[PDB]
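Trainee: Chains as they are written, first to last, in the authors' numbering: chain A, 403 to 452; chain B, 53 to 102; chain C, 14 to 417; chain D, 1 to 417; chain E, 314 to 365; chain F, 3 to 104. Got a structure for you, questions after.
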Amino acid sequence: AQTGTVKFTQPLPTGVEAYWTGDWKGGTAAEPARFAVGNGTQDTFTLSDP
Amino acid sequence: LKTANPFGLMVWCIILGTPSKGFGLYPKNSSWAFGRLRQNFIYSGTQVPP
Amino acid sequence: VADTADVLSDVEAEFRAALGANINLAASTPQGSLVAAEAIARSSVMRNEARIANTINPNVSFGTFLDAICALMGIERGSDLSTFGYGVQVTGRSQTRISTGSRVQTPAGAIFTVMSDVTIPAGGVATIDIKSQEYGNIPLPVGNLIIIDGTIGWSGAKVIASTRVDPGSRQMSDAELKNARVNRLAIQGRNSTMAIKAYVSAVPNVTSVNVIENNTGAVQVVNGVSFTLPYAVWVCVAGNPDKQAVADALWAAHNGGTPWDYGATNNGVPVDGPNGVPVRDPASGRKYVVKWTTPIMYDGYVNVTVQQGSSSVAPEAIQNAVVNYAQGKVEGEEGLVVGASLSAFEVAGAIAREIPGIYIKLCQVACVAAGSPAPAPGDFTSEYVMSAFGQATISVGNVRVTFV
Amino acid sequence: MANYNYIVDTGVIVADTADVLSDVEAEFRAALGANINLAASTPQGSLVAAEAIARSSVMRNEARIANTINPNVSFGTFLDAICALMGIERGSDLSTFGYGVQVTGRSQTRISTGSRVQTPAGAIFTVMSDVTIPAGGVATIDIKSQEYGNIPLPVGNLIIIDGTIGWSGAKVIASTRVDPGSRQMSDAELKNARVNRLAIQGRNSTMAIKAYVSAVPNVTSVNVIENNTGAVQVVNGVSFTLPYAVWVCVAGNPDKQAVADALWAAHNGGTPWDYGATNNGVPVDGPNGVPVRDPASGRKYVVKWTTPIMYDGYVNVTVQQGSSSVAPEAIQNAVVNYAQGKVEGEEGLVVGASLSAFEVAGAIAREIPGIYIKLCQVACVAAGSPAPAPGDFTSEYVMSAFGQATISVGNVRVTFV
Amino acid sequence: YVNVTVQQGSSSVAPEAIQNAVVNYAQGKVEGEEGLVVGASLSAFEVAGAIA
Amino acid sequence: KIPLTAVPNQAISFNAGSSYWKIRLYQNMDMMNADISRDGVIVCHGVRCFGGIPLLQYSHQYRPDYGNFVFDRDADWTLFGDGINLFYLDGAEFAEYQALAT
């Protein structure tokens with residue numbers, strides 16, 4: 403949580419877009435915030451900037 | 053909350069003791085250089101387009 | 014403001030009566046024009062009364078001004094009388110001293126006695142007193158002149174052990190229209206700058222307060238005092254009463270960690286050396302720090318040349334006017350306070366405020382040190398500037414006017 | 001010529017009507033002639049009556065607005081004397097409804113403004129007229145008589161006015177909830193809003209901190225100190241140059257977040273909270289107390305507080321029976337509940353409060369006299385330690401500011417000599 | 314030509330107000346002040362008195 | 003308390019708390035009003051009447067050591083002698099009153 407890196411376990415299919423909400427390093431993401439677009443096989447992603 | 057006249061605003065300035073320099077009082081005709089005609093003595097499109 | 018325009022209160026009644034019936038007269042003072050004149054008078058008076066009631070500004074109001082104060086500011090100063098505690102009292106054995114024994118001090122005191130007392134066989138008893146009038150001259154320890162006493166009462170005196178206080182009176186609307194701008198007793202807002210002056214000024218007998226805060230991280234940034242310790246503030250008061258009241262008031266209006274600061278060797282005399290030990294706290298802890306000073310009593314000189322006026326005007330009028338301004342009795346101008354510089358133009362303005370119809374030609378103002386020999390004739394100049402901790406007063410003899 | 005200056009330094013003098021009427025009659029007589037007739041039938045009587053009514057009316061209207069910015073006044077003026085700080089008005093809502101239940105006959109029309117009553121006898125009307133489908137189910141929309149925050153009990157209603165073939169006005173939980181305001185602020189609780197706001201503002205922080213932190217339930221005592229120096233002023237607080245030191249003692253604090261929220265409102269905009277040098281009271285959490293973001297459109301701040309270090313004391317007492325019988329457990333409970341401060345005048349063994357065997361003997365003497373006391377000695381040690389040696393007892397124990405002491409029922413031991 | 318040096322303080326007014334006030338003073342608006350009649354010397358002390 | 007009666011405009015005089023008072027109560031449009039006198043010297047004019055708040059607002063008026071007057075509920079001259087009263091509190095009682103007020 404301090405470094406802002408997230409890991410999915412199962413690889414995501416194509417065209418599945420995720421969002422995230424909460425608070426990080428001061429900035430707030432109350433509204434959904436895009437951080438990942440699963441390309442088909444990758445399961446390691448990182449969070450966005452509020 | 054609905055004090056519209058500059059009179060009430062200046063009265064509140066006296067009541068609370070704030071200055072009155074930076075506040076614009078009124079755009080009314082009592083202010084200098086306004087009139088119901090007031091087209092005279094200005095660059096009226098014959099001299100320079102303003 | 015918003016109080017004028019009664020000249021057209023006549024044409025309205027004329028048009029009214031004309032519209033009422035045809036077109037006829039309303040002139041030459043018959044019964045019809047007399048009714049018209051009556052309408053004139055009543056309408057004008059009603060509009061005048063409306064304009065008087067409407068304008069309620071602090072610089073305009075009177076008597077109802079107290080509510081303009083009570084909207085924000087603290088209540089006026091109630092009249093009070095100063096009592097005496099533990100006044101020695103000696104007489105024969107087994108005597109009772111009844112209440113309201115009108116003891117009299119030698120400069121026409123007329124003191125009373127609060128609680129009835131019985132003299133013990135030791136012959137030494139202490140009786141509590143109370144003064145009669147709000148205006149009471151500070152007495153001196155002597156044998157108080159006795160008016161009413163028993164068949165056994167021998168004498169009464171004032172020992173050093175007795176502790177006295179001071180009264181309060183003479184709160185005219187001039188002080189109310191002056192202390193509006195400054196004594197903003199924002200009891201609601203305590204830990205701030207404008208709040209400290211007003212909360213301290215609630216203490217009795219206190220005349221004026223100054224509070225200057227650095228707001229920076231370097232020394233010598235305020236108008237008139239040095240710093241030593243940065244991130245702090247220093248307080249100066251005049252006419253100071255006993256320590257504890259002003260100490261509690263000062264401690265009750267701050268919040269910062271170490272905002273207290275003695276200025277430097279160039280500042281008003283500190284009241285106490287290390288601190289002021291404000292013993293009690295709401296948290297019951299034994300915290301002790303209060304630091305504050307008093308001003309330097311300067312002295313000012315005025316000399317002015319004027320004309321002779323419409324008729325004869327004695328110089329006593331001008332002297333009384335300038336002295337009254339200096340004491341601060343005139344409404345609006347606070348006069349001379351801790352941190353106010355004398356100005357020749359301001360003094361001339363005060364003179365014109367009191368006695369008009371006189372033509373002032375020259376004005377001169379000078380300031381002199383405490384107890385110093387009277388300033389030389391070449392000392393006077395147009396403008397003098399006082400620092401933060403400099404208080405100056407003017408007497409009757411410091412102003413001379415030999416006018417052309 | 002007959003005008004009175006009825007506005008003086010004191011207030012407004014409003015006269016009785018006989019006086020103003022006599023003045024007006026005198027004015028008209030001076031206008032026309034001393035023998036004129038002023039009666040209701042004559043036109044002059046109409047004019048003088050009009051003048052008197054108008055003059056008294058304007059005088060009274062001025063007098064009513066004599067002193068208004070003083071907050072005693074009411075009816076709109078007081079509204080804005082309030083709203084200069086904060087305040088609301090109106091608030092006269094009526095609980096609108098939705099999704100009603102009606103079972104009726106086929107193709108029947110419901111006439112509007114029907115009267116539906118609930119179990120404690122509160123009358124509510126309908127809103128819009130509607131027909132019924134042949135199946136026998138429709139939904140209505142409801143409005144009551146008085147603009148109050150009434151609550152509908154979850155029970156089927158009752159019918160007061162009956163249309164044709166219509167019954168069973170009942171509920172479904174699908175009914176929308178509109179909770180209405182009911183004229184919640186008339187005239188006087190505005191004054192009390194002023195009172196509470198002025199009371200909250202009046203305190204300093206240190207004054208407000210203890211009182212407003214004690215507001216949390218189950219709290220016992222709170223000790224707050226301001227460092228005022230970078231030195232050791234009372235305790236060794238040399239964390240920052242100008243912190244605030246906060247110690248809170250509780251019987252558990254069932255809500256951890258409540259004390260954080262209480263501390264949040266007690267901030268001064270220029271004072272850090274961080275206190276301690278890894279040796280003072282143990283904080284609940286290291287870096288932050290994870291405050292709730294804000295009651296009103298804000299972001300997540302930080303606060304820091306610490307709790308006292310728990311201690312426990314051993315009490316010895318030697319007594320003689322005297323001339324009555326007393327069971328030792330009674331005296332044990334006496335001392336233990338004295339440690340909590342059940343009796344007035346004694347605050348307790350609060351944070352940073354030492355314990356002395358003199359005060360324990362004072363408690364025993366206060367409750368049960370007639371029992372002589374030989375000796376009472378006291379001791380203290382850190383929490384959880386085994387029983388110390390007989391040499392560890394002393395008359396008085398000086399105790400640190402970030403420590404809290406407790407006494408247990410069996411921890412104290414008595415001896416009947 | 315008149316020049317006046319004033320600090321704002323806590324309550325301040327537009328300079329145009331002082332301009333109009335002093336100018337209408339010069340003709341003697343106030344009671345007791347005859348104004349700048351012919352042969353009447355002008356002194357800044359009376360300007361200060363007027364603004365006072 | 004104070005003896006009152008049901009009349010739209012009246013005045014009662016009394017000697018209470020080592021002081022001489024004369025009070026006047028009269029209906030003015032919607033609410034009541036009051037005039038308070040002492041020594042024969044007027045104190046205040048047209049004090050609007052509310053329930054629970056004292057009649058004297060200003061420090062120099064109510065006491066160096068005098069008392070003050072409070073109406074329990076809003077005045078209504080039809081109800082005097084039945085449910086609505088006017089009470090007088092001497093200096094110590096009024097002081098603890100104001101202590102309790104906030």
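Just so it is clear, CB atoms sit at the ideal spot from N, CA and C, and this is done for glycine as well.
Output needed for B:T55: all residues of its chain with C-beta closer than 8 Å, excluding positions within five of it in sequence on either side, in chain order.
Mentor: For B:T55, where only same-chain residues beyond five positions count, the Cβ hits under 8 Å are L61, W64.
Trainee: Quick one: using the 10 Å Cβ neighbour count with 16 as the cut-off for buried, is D:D179 buried or exposed?
Mentor: When all chains shown are included, D:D179 counts as exposed.
Trainee: When the cut-off is 8 Å and only beta carbons count, does B:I67 lie next to chain E?
Mentor: It does not; no Cβ of chain E falls within 8 Å.
Trainee: Leaving out five residues before and five after C:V409 in sequence, what residues of the same chain have Cβ atoms less than 7 Å from its Cβ?
Mentor: For C:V409, where only same-chain residues beyond five positions count, the Cβ hits under 7 Å are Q332, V336.
Trainee: Give the straight-line distance between the Cα atoms of C:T318 and C:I225, rounded to the nearest whole angstrom.
Mentor: The alpha-carbon atoms of C:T318 and C:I225 are separated by roughly 38 Å.
Trainee: Indicate whether C:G252 and C:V284 have their beta-carbon atoms separated by less than 8 Å.
Mentor: No, these two residues do not count as a Cβ contact at 8 Å.
Trainee: Going along chain F in order, which residues have a C-beta closer than 7 Å to the C-beta of C:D93?
Mentor: Here the neighbours are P66.
Trainee: Kindly give me the distance between the Cβ atoms of C:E344 and C:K191, rounded to whole angstroms, as I take these residues to be in contact under 8 Å.
Mentor: That belief holds up - the Cβ atoms of C:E344 and C:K191 are roughly 7 Å apart, short of 8 Å.
Trainee: Can you pull the chain A neighbours of D:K300, defined as C-beta to C-beta under 7 Å?
Mentor: Here the neighbours are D425.
Trainee: On the DSSP bridge assignment, give the partners of D:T306 in chain order.
Mentor: Answer is D:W247, D:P283, bridged to D:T306.
Trainee: Cβ atoms of D:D142 and D:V131: under 8 Å apart, would you say?
Mentor: Not in contact: D:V131 and D:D142 (Cβ atoms no closer than 8 Å).
Trainee: State yes or no: is the C-beta of D:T104 within less than 8 Å of the C-beta of D:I165?
Mentor: Yes, the pair counts as a contact, with Cβ atoms nearer than the cut-off.
Trainee: Tell me which residues share the same chain as D:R293 and place their Cβ nearer than 7 Å to its Cβ, disregarding the 5 neighbours each side in the sequence.
Mentor: Result list for D:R293: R299, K300, in chain order.
Trainee: Which of helix, strand or coil does DSSP assign to C:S186?
Mentor: Helix.
Trainee: Would you say F:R26 and F:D41 are within 8 Å of each other, going by their C-beta atoms?
Mentor: It is not a contact, given that the beta carbons lie outside the stated cut-off.
Trainee: Using a Cβ-Cβ cut-off of 8 Å, state whether D:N192 counts as contacting chain F.
Mentor: Taking Cβ atoms only, chain F never reaches closer than 8 Å to D:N192, which makes this a no.
Trainee: Going by DSSP in three states, F:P56 sits in which element: helix, strand or coil?
Mentor: DSSP places F:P56 in strand when its eight states are reduced to three.
Trainee: Starting from C:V292, trace the alpha helix (DSSP H) in both directions and tell me its first and last residue.
Mentor: Element bounds for C:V292: n/a, residue is neither H nor E.
Trainee: How big is the Cα-Cα spacing for D:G362 and C:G87?
Mentor: The alpha-carbon atoms of D:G362 and C:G87 are separated by roughly 47 Å.
Trainee: Answer with yes or no whether the minimum CB distance from C:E89 to chain F is below 8 Å.
Mentor: Answer yes: the Cβ-Cβ gap between C:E89 and chain F drops below 8 Å somewhere.
Trainee: Suppose only complete runs of 3+ residues qualify. What are the beta strand (DSSP E) ranges in the stretch 69-146 of chain D, listed by chain order?
Mentor: As far as the stretch 69-146 of chain D is concerned, its whole beta strand (DSSP E) runs of at least 3 residues are 101-104, 115-117, 123-126, 142-144.
Trainee: Between which residues of its own chain and C:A327 is the CB-CB distance below 7 Å, once the five residues before and five after are set aside?
Mentor: Within the same chain, C:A327 has no close Cβ partners at all.
Trainee: For residue 9 of chain C, go through chain D and note every residue whose CB falls closer than 9 Å to its CB, in chain order.
Mentor: The shown model of chain C, from 14 to 417, leaves out residue 9 of chain C, and the question about it has no answer.
Trainee: Would DSSP call C:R299 helix, strand or coil?
Mentor: Reduced to three states, the DSSP call for C:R299 is coil.
Trainee: Residues of chain B with a CB under 8 Å from the CB of C:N72: which are they?
Mentor: The contacting residues are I66.
Trainee: Are the C-beta of E:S356 and some C-beta of chain C separated by less than 8 Å?
Mentor: So yes, E:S356 belongs to the interface.
Trainee: In chain order, what residues of the same chain lie with their CB nearer than 7 Å to the CB of D:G136, ignoring the 5 residues before and after it?
Mentor: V103, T104, listed in sequence order.
Trainee: Quick check on D:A379: does DSSP put it in helix, strand or coil?
Mentor: If DSSP states are grouped into helix, strand and coil, D:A379 belongs with the strands.
Trainee: Counting only beta-carbon separations shorter than 8 Å, does B:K80 have a partner in chain E?
Mentor: No, B:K80 does not count as interfacial toward chain E.
Trainee: Applying the 10 Å Cβ sphere with the 16-neighbour rule, what's the burial state of C:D274?
Mentor: So C:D274 counts as buried.
Trainee: Could you name each continuous alpha helix (DSSP H) segment of 4 residues or more that falls completely within the stretch 146-232 of chain C, going from the start of the chain to the end?
Mentor: Runs found: 186-195, 207-214.
Trainee: Do D:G352 and D:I309 count as a contact pair if the criterion is CB distance below 8 Å?
Mentor: No, Cβ-Cβ distance for D:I309 and D:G352 is not below 8 Å.
Trainee: So with CB distances below 8 Å, who are the chain C contacts of B:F59?
Mentor: Result: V14, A15.
Trainee: Among F:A101, F:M34, F:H62, whose alpha-carbon lies nearest the alpha-carbon of F:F52?
Mentor: If we check each option's Cα against that of F:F52, F:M34 comes out closest.
Trainee: For the pair the stretch 17-33 of chain C and the stretch 114-123 of chain C, tell me if three or more CB-CB distances fall below 8 Å.
Mentor: Short answer: they don't touch.
Trainee: Under 8 Å, with one C-beta from each stretch per pair, do the stretch 60-71 of chain D and the stretch 24-36 of chain D reach the 3-pair mark?
Mentor: Contact fails: fewer than three Cβ-Cβ distances are below 8 Å.
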